[PDB]
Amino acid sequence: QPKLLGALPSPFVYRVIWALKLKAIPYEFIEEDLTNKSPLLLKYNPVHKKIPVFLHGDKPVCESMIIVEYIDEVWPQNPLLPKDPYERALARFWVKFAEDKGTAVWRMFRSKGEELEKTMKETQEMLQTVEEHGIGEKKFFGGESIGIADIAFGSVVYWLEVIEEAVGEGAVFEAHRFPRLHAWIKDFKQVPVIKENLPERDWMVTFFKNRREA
């Protein structure tokens, strides 16, 4: 049975959890303490020593969207990728976008003064971009159903909502400024399997709140 090494609040782990849950693939979750990384983690992710690590058979697969693509080839049911190659490239483009531009959300969490200033601005340009170019008339990035880009961005934007509250004056992701994006994240959290596997906002705010004060 496949193994997922990770830890609860990680956006990168929930990407993998969602893909596993969406495909109703059975797995064992291996709780990892990063201040005390198990020998398993150090053996199977020697390059980055990060989680998630996905252990299928004895082979390890490491970066989270890499794992989602792996999971998707090996377990084709409930496709996270379109069949057309242009649509597939489009889906990958927005995953890549989420990974690169989404780093602003995570710098935000640790930023303070003018540094916090800039990442909030950068976070805002990311959203403006997606809001105008990213999500078409279709309900999800993936069409009528959740795709890899929904996974990738869904973790960026939901964690952003929470990181915002944890920082305080976060006038960043405002629903009336970015209505199409808020409609999309609202629908994404509304999907039964995402709904069932979605960390409760309040708990996370406090968690990242008490984490930021330190």
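Position 1 is the first residue in the sequence shown; the rest follow in order.
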property: Residue range whose averaged C-alpha B-factor is higher in the record, 11-19 or 195-203; result: 195-203
property: Between 83-91 and 107-115 (mean CA B-factor, as deposited), the higher; result: 107-115
property: Criterion, highest CA B-factor; candidates, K50, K43, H56, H176; result: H176
property: C-alpha B-factor winner, where the candidates are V61, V167, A152, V68; result: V167
property: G102 - Cα temperature factor, lowest/middle/highest third of chain; result: lowest
property: Assigned third (lowest, middle, highest) for the C-alpha B factor of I135; result: highest
property: B-factor third for the C-alpha atom of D72 within its chain; result: lowest
property: Entry-reported Cα temperature factor of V156, expressed as the chain third it lands in; result: lowest
property: Chain-relative CA temperature factor third for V162; result: highest
